[PDB]
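Chemist: One structure, pasted below without further comment.
Here the Cβ positions follow ideal geometry from the backbone for every residue, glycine too, while neighbour counts run over all protein chains shown. Here, each number is a calculation from the coordinates, and none is a lab measurement.
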Amino acid sequence: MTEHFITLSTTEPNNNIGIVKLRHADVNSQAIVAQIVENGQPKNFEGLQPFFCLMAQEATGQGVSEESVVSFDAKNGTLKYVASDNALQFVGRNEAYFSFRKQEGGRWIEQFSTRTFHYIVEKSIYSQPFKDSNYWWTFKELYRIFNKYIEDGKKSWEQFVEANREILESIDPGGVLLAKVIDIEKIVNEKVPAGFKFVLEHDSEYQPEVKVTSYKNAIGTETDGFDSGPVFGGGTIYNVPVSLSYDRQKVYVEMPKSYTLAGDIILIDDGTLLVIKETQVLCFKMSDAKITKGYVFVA
Amino acid sequence: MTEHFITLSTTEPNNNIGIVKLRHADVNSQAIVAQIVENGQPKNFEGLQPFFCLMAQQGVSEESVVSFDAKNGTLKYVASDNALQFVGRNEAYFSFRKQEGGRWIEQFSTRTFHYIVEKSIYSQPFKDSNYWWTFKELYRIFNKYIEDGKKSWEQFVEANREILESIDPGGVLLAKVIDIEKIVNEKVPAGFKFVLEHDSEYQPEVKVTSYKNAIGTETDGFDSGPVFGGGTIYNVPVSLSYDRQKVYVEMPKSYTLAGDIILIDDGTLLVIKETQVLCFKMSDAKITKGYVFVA
Amino acid sequence: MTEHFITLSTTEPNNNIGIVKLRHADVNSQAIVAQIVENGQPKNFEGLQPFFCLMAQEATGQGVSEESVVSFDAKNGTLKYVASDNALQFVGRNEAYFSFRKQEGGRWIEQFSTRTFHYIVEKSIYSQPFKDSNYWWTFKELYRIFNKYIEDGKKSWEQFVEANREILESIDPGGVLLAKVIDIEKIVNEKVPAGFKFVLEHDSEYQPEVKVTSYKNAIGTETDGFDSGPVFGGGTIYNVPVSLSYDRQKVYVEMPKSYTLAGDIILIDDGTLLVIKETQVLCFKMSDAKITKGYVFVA
Amino acid sequence: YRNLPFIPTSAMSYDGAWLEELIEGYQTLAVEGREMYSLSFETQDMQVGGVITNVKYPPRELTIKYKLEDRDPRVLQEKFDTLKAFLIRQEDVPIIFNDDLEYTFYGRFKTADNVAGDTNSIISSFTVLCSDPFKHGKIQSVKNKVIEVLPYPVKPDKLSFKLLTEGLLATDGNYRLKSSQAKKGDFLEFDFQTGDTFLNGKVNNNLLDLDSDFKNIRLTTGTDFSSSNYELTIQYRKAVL
């Protein structure tokens, strides 16, 4: 984090001398380290709560800007104020000072303040308005609208499916039966090892363990070349549920009908084989044995 | 109820709009009336409900607007406690929603605008432009006179209706007079008067004490009384008067005693009548003669 | 709290002093430490109450401040005035000075003023609202309300007496009790304190004992000169019964109505005071303290 | 209404205080000389051309154009009496401008231009001679090496050395700082450029540095002193013309 050192006085008539410059986009980093001095000696504000007072341009009232300082040493007259989102909101040339008050409850008793120092905030890429779709915007405005389209879009889709479900589902005595069956039909097509069978020939005389994984947009399988896919190095990896069947030097791997893929069979130097069809890759990992041949089961 | 009338746009950013100041702990219900505009012309939000949305300062809150005109595009927002939370420049906007499937879905929303929240710190009894110590002491003295005076008079009126208007005047008047009579005859030194002649040229201090059943003054001889050595010792209130080598000691009517006058070999004289003894102790002078005043 | 050390002269212009700068919303913090100088040497304002005088702006005629200074050392000529809300009323340049005055009753005995000095009030985030001065209105309304009490009080009492007139006539037949109550009031007017109140100012911080004596024809009081009276040296000496009340450096001596004597107040330079009216003398002897001023109580 | 003191764009802060704030009616109109600097040259001309013997940096004076006005001639005279008292100084004073708040000049009041004895609204100018023509920024504490973009070679303010070996031999390639028979075994050495030398806590001027040591060292944009023998903390202020 960045620190800004200032030695502020309460007696010396400075008024404007003592410059501190920050910029818009500086969440919790840029902090002001101040030394309070009265008549050439450090001032003890023991019992008084320090406050960052900011006199912002075109945003004045009775409480223009006041924030309590959390990090401070009243015994030596030192404080550390980290600039908040409110502090950085006012892009331009502003005036600020530090107040110290011994508030009882509602009404105050003693409140002494330091001389005014210049508090200037430079614009950022985020504060500067930019032209989009023949309209002027700021980052925060578009980010709010886009996130609103995502939030309301999903709520609108969740309700679309739910409402369309109750038309077929609840409004019919035998329509529930239809809907339930489609759901079961899909779970069996995706989670149960059914309609897909693959044969793996090996060197071992025993029963080697086979692990199957399915993933799209893997390394060097993307449509528009290397690192052209939405998720670099492979998308989502799905652990394929398998039902293993064994014969002499042959492994019959039964998989759900959704993982059915007819592509190029690539054999790697060890106990690993791939089935690649454009972006979709089906991986076969075999332990304690070496794959010699791989092919889809035929009857 | 203070009102702020402004015009909001959905296309052009809201920044050139008028400055809106709102008090924090205001008694009056502060309201903002806004004219919705799409491309500089009013927009009809018929079927849609406006929503006041406040940004994080965390501080994200959505509030439904009750007062709104869907045909003309005029909505009236009431400044809530959540709206008047953060002191300073607050960013907010209005969104128009339609509830479909038990959840509100946004159709279109106005561009964000800034509103400043002013603090209500200084109390209603404000300090005067001019301050005068002399005028603030003169008021103090005059108000003290008029208050202390009224209290003294109100005490007088109250004590009058307590005797006259309240019970029965006749009886009460006699009762208290006899009570005052009893007090002045026991506490005030007026009734009895005694003279003490002395050797001093000045005014010696005289202290009078009254006691019954003292040593050697009991009815049935020595140590025959109820309390050995004397009963209760009463300090007799005195109003002293002086002449050359003469002290005139005045005593209440209850302390009147005409008995045997005994002069001791020092600054002490006694008046003994059976058991009751009236003692006269004198400082820095010797008593030469003692007698009851007769003129 | 903040201290502003300045040296103020009564005989010289205060132009060479530094910039006295203080913030608007500071409550009880901004202390002005002033050294008073007269013809180069320090001024002893012993027995003179310092006053902060703030002159109003010539344009509006508002912002006058007359304040009693609490902390000060008269012997060395130093004072510590803490800025007030009225002192810090106008943001910007302000014209003020200091007055030192002696007061007895309500009239001024002596007063001296320091040369005018200038101080600047810095803008704060807070701006205290000030109501237009109404000293005259507050005084008139208090006077009108008090006179409304007079008018209505007389009317309410007149109706009370007249309604109870029949009872008040049949209260005492002839005057048996009235003659007994006249005899009793003669005792209360002579042997107890009733309606004669004398004030004795002293140097002591505590409660000094006071002894009052009354005598006629003392030395130098006789009508036809020295040794012209019937009893040389003085007549009968009466010990006056007293009811002592005490305040800071003030003794309220209550005495019976018969001892009422309004004459010449003679103060001997010790714990003795006399009230002489022709031949009649009322002596006031005080223990462990010196009498400074003696007068009959007035309210 | 409020009688607020006006502070102009190019106001002058003499000894931390604003003159326009000090004296009512005073206003700084223009400040000249700070934006452009001239150099002094020693030239040894020959048959063809001429070689530069020495390049000097003359002490510059900044001209301050001001306006003081008052309706009353007696007060106006008193106002000047205050102005002169403040300006006329026996020692150098820190000067900062309202338009260039980052830097600080160090000068003294020199001469004032002729002033008219009428009108009651007088415009004049006075010059402030700066012994050091450089304006210095904030004070910075950097360990071992300076990597900041320095426009001009800077003379340091303090050099805090902390030994680790037998002797001290500070070098950057051009300057060599020597200290034979130094306090070995982690002992702090202060080399205060604007005063004298220190050893641990006590002032040691006579022994601290060796005969062939340097105290005229200057920091460039890429000055490196980093060594395994000592831990140096450089304290300098950015100097600009």
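Chemist: Residue B:261 is checked against (1) of a type in the set (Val, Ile, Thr); (2) surrounded by 12 or more Cβ atoms within 10 Å (Cβ to Cβ); (3) assigned to a loop (DSSP other than H, G, I, E, B) and fails just one. What number does that condition carry?
Modeler: (3)
Chemist: Quickly run through segment D:184-224 and pick out the residues that are among the polar types (S, T, N, Q) and over 27 Å from the mean Cα position of the chain (by Cα).
Modeler: Filtering segment D:184-224 for residues among the polar types (S, T, N, Q) gives D:193-194, D:197, D:200, D:204-206, D:212, D:216, D:220-221, D:223.
Hits for segment D:184-224 are D:200, D:206, D:212.
Chemist: Out of curiosity, is residue A:189 part of a helix (DSSP H, G or I), surrounded by 15 or more Cβ atoms within 10 Å (Cβ to Cβ) and touching a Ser or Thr at 6+ places or on another chain (Cβ under 6 Å)?
Modeler: Considered against the rule, which asks whether it is part of a helix (DSSP H, G or I), surrounded by 15 or more Cβ atoms within 10 Å (Cβ to Cβ) and touching a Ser or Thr at 6+ places or on another chain (Cβ under 6 Å), residue A:189 comes out as yes.
Chemist: One residue is enough: does segment B:15-37 have a residue meeting the conditions within 18 Å of residue A:145 (Cβ to Cβ) and of a type in the set (S, T, N, Q)?
Modeler: Yes, the conditions are met somewhere in segment B:15-37.
Chemist: Can you confirm whether residue C:242 is surrounded by 17 or more Cβ atoms within 10 Å (Cβ to Cβ), away from chain B (no Cβ under 14 Å) and of a type in the set (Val, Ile, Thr)? Full working, then the answer.
Modeler: On the way: surrounded by 17 or more Cβ atoms within 10 Å (Cβ to Cβ): yes; away from chain B (no Cβ under 14 Å): no; of a type in the set (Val, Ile, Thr): yes.
Spelling it out, it is not the case that residue C:242 is surrounded by 17 or more Cβ atoms within 10 Å (Cβ to Cβ), away from chain B (no Cβ under 14 Å) and of a type in the set (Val, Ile, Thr).
Chemist: On the basis of being β-branched (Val, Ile, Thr), under 21 Å from residue B:29 (Cα atoms) and not in a helix (DSSP H, G or I), does residue B:167 make the cut?
Modeler: So residue B:167 does not fit the description; no.
Chemist: So is residue C:138 assigned to a strand (DSSP E or B), facing chain B (nearest Cβ under 9 Å) and surrounded by 13 or more Cβ atoms within 10 Å (Cβ to Cβ) or not? Before you say what the answer is, go through the steps one by one.
Modeler: Values: assigned to a strand (DSSP E or B): no; facing chain B (nearest Cβ under 9 Å): yes; surrounded by 13 or more Cβ atoms within 10 Å (Cβ to Cβ): yes.
No; evaluated as a whole, the condition is false for this residue.
Chemist: While we're looking at this one, here's another question. Can you tell which of C:219, C:184 is more than 30 Å from the chain's Cα centre (by Cα), part of a helix (DSSP H, G or I) and either facing chain B (nearest Cβ under 10 Å) or closer than 30 Å to residue B:207 by Cα (or both)?
Modeler: C:184
Chemist: Say we look at segment B:226-239 and pick out the residues that are among the aliphatic types (A, V, I, L, M) and within 14 Å of another protein chain (Cβ to nearest Cβ); which of these is surrounded by the fewest Cβ atoms within 10 Å (Cβ to Cβ)?
Modeler: Among residues in segment B:226-239 that are among the aliphatic types (A, V, I, L, M) and within 14 Å of another protein chain (Cβ to nearest Cβ), the one surrounded by the fewest Cβ atoms within 10 Å (Cβ to Cβ) is B:236.
Chemist: Got a sec? Which strands (runs of 3 or more DSSP E) wholly within segment D:1-47 have at least 3 residues that are under 23 Å from residue D:77 (Cα atoms)?
Modeler: Correct list: D:12-14, D:26-32.
Chemist: Any idea how many residues of segment D:48-87 are in contact with a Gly (Cβ under 8 Å, 6 or more places away or on another chain), within 14 Å of another protein chain (Cβ to nearest Cβ) and part of a loop (DSSP other than H, G, I, E, B)?
Modeler: Residues in segment D:48-87 being in contact with a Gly (Cβ under 8 Å, 6 or more places away or on another chain), within 14 Å of another protein chain (Cβ to nearest Cβ) and part of a loop (DSSP other than H, G, I, E, B): 1 in total.
Chemist: Further, regarding this structure: With the structure loaded, tell me whether residue B:80 is more than 23 Å from residue A:107 (Cβ to Cβ), of a type in the set (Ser, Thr, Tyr) and surrounded by fewer than 19 Cβ atoms within 10 Å (Cβ to Cβ) or whether it fails that test.
Modeler: Working: more than 23 Å from residue A:107 (Cβ to Cβ): yes; of a type in the set (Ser, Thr, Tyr): yes; surrounded by fewer than 19 Cβ atoms within 10 Å (Cβ to Cβ): yes.
Criteria met by residue B:80.
Chemist: Could you look through segment B:1-12, keep only residues that are more than 25 Å from residue A:142 (Cβ to Cβ) and assigned to a strand (DSSP E or B), and pick out the one that is nearest to the chain's Cα centre (by Cα)? It would help to see each step written out before you state the result.
Modeler: Taking segment B:1-12 first, the residues more than 25 Å from residue A:142 (Cβ to Cβ) are B:1-5.
Add one more test, that the residue is assigned to a strand (DSSP E or B), and what stays is B:3-5.
Working: B:3: 42, B:4: 45, B:5: 48 Å.
Among those residues, the one meeting the criterion is B:3.
Chemist: Can you give me the ranges of the strands (runs of 3 or more DSSP E) entirely in segment B:13-129 with at least 1 residues that are within 12 Å of another protein chain (Cβ to nearest Cβ)?
Modeler: It comes to B:21-23, B:49-54, B:61-64, B:88-99, B:104-109, B:113-118.
Chemist: Based on this model, can you work out whether residue D:177 counts as surrounded by 13 or more Cβ atoms within 10 Å (Cβ to Cβ) and within 15 Å of residue D:230 (Cβ to Cβ)?
Modeler: Taking the combined requirement at face value, the residue satisfies it.
Chemist: For residues that are surrounded by 11 or more Cβ atoms within 10 Å (Cβ to Cβ), more than 9 Å from chain B (Cβ to nearest Cβ) and aliphatic (A, V, I, L, M), tally how many sit in segment C:141-162.
Modeler: Selection size over segment C:141-162: 1.
Chemist: With the requirement that a residue be among the acidic types (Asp, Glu) and under 14 Å from residue D:198 (Cβ atoms), what does segment D:157-171 give you?
Modeler: Hit for segment D:157-171 is D:157, nothing else.
Chemist: I need the full set of residues from segment C:187-213 which are at the interface with chain B (Cβ under 10 Å from one of its Cβ atoms) and farther than 21 Å from residue C:282 by Cβ, in order please. Talk me through it step by step, then tell me what you get.
Modeler: Step one: of segment C:187-213, the residues at the interface with chain B (Cβ under 10 Å from one of its Cβ atoms) are C:187-188, C:190-192, C:213.
Selection gives nothing.
Chemist: Can you tell me which residue in segment C:282-299 is nearest to residue C:237 (Cα to Cα), limited to those that are within 14 Å of chain B (Cβ to nearest Cβ) and hydrophobic (A, V, I, L, M, F, W, C)?
Modeler: Result: C:283.
Chemist: When segment D:180-220 is examined, which residues are found to be assigned to a strand (DSSP E or B), among the aliphatic types (A, V, I, L, M) and within 16 Å of residue D:230 (Cα to Cα)? Before you say what the answer is, go through the steps one by one.
Modeler: If we filter segment D:180-220 for residues that are assigned to a strand (DSSP E or B), which is where we start, we get D:188-192, D:197-199, D:202-203, D:219.
Still in the list and also among the aliphatic types (A, V, I, L, M): D:188, D:199, D:203, D:219.
Correct list: D:188, D:199.
Chemist: Given the options D:3, D:98, name the one that is under 30 Å from residue D:139 (Cβ atoms) and at the interface with another protein chain (Cβ under 10 Å from one of its Cβ atoms).
Modeler: D:98
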